[PDB]
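*Asks:* A single structure is presented below for examination.
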Number of protein chains: 4
Amino acid sequence: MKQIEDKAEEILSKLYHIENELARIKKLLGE
Amino acid sequence: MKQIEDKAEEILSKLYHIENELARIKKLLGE
Amino acid sequence: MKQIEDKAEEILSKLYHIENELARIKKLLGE
Amino acid sequence: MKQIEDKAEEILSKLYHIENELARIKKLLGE
Ligand SMILES: [Cl-]
Ligand SMILES: [Cl-]
């Protein structure tokens with residue numbers, strides 16, 4: 001459970017990374 | 001635990017957003 | 001909990017979708 | 001529950017794979 005929250009956090013932190021990599025690809029293609 | 005269900009919701013919702021990003025990308029590539 | 005498993009399943013099913021959309025973009029760019 | 005922790009692991013691992021896809025993409029775009 002405290003380990004669950006650690007894994008939740010890693011999961012969110014990967015999910016913002018991915019959002020953000022994707023946002024930068026969309027920006028580039030749209031240039 | 002509904003804290004854990006809460007987190008799963010928050011997860012999916014991020015994944016929905018990610019899928020919208022990729023729908024924009026795919027259009028910009030004419031898919 | 002049975003609802004947790006439902007949300008897990010949706011989460012996996014979005015994650016394979018995303019993997020797969022991404023695999024098809026990589027294929028296209030690499031052509 | 002370690003079934004739930006198990007699932008979270010399986011989640012992250014998919015997200016790692018997704019990040020590898022996007023590293024290939026980004027290179028193909030010369031980022
Ligand atoms: Cl939901
Ligand atoms: Cl892990």
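Letters for chains follow the order of the structure tokens (A, B, ...), residue numbers begin at 1 for each chain, and ligand numbers begin at 1 in the order shown.
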Using only C-alpha atoms, which chain C residues lie at most 12 Å away from chain A, written as a ChimeraX atom specification?

*Replies:* /C:11,15,18-19,22,25,29

*Asks:* Please extract the residues at most 7 Å from ligand 2, counting only C-alpha atoms and all ligand atoms, and provide them as a PDB file with N, CA and C atoms, in the first residue's frame, using the chain letters and residue numbers of this document.

*Replies:*
```pdb
ATOM      1  N   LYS A   7       4.059   3.153  -6.574  1.00  0.00           N
ATOM      2  CA  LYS A   7       3.894   2.701  -7.971  1.00  0.00           C
ATOM      3  C   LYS A   7       2.913   3.588  -8.717  1.00  0.00           C
TER       4      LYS A   7
ATOM      5  N   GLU D   9       2.434  -2.716 -11.225  1.00  0.00           N
ATOM      6  CA  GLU D   9       3.576  -3.143 -11.931  1.00  0.00           C
ATOM      7  C   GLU D   9       3.358  -3.333 -13.352  1.00  0.00           C
ATOM      8  N   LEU D  12       2.931   0.038 -15.289  1.00  0.00           N
ATOM      9  CA  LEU D  12       4.158   0.725 -15.479  1.00  0.00           C
ATOM     10  C   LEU D  12       4.959   0.184 -16.502  1.00  0.00           C
TER      11      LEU D  12
END
```

*Asks:* For residue 28 in chain D, list every protein, DNA or RNA residue within 9 Å, evaluated using only C-alpha atoms, and leave out those in the same chain fewer than 5 positions away; present the list as a PyMOL selection string.

*Replies:* (chain C and resi 26+29-30) or (chain D and resi 23)

*Asks:* Output N, CA, C and O atoms for every residue in that selection, as a short mmCIF file (atom, residue, chain, number, x, y, z; two decimals), in the first residue's frame.

*Replies:*
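Once written, result01.cif looks like this:
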```cif
data_model
loop_
_atom_site.label_atom_id
_atom_site.label_comp_id
_atom_site.auth_asym_id
_atom_site.auth_seq_id
_atom_site.Cartn_x
_atom_site.Cartn_y
_atom_site.Cartn_z
N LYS C 26 5.28 4.92 -35.92
CA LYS C 26 6.70 4.70 -36.10
C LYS C 26 6.90 4.07 -37.46
O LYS C 26 7.82 4.39 -38.10
N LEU C 29 6.43 6.91 -40.19
CA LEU C 29 7.58 7.74 -40.28
C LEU C 29 8.75 6.93 -40.93
O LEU C 29 9.47 7.42 -41.79
N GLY C 30 8.91 5.67 -40.61
CA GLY C 30 10.10 4.96 -41.08
C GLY C 30 10.07 4.50 -42.53
O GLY C 30 11.11 4.05 -43.08
N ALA D 23 10.66 7.34 -27.97
CA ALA D 23 12.14 7.50 -28.25
C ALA D 23 12.59 7.13 -29.62
O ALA D 23 13.45 7.82 -30.18
#
```

*Asks:* Excluding same-chain residues fewer than 6 positions from residue 2 in chain C, what lies within 12 Å of it counting only C-alpha atoms, as a list in words?

*Replies:*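 Everything that qualifies: residues 1, 2 and 5 of chain B; 8 and 9 of chain C; 4 of chain D.
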
*Asks:* Between CA of residue 10 in chain C and CA of residue 27 in chain B, measure the distance and give it in Å to one decimal.

*Replies:*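 Value for the CA of residue 10 in chain C-CA of residue 27 in chain B distance: 24.4 Å.
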
*Asks:* Distance CA of residue 6 in chain C-atom 1 (Cl, counted along the ligand's line) of ligand 1, one decimal place?

*Replies:* 9.2 Å

*Asks:* Could you tell me how far CA of residue 21 in chain D lies from CA of residue 24 in chain A, in Å and to one decimal?

*Replies:* 14.9 Å
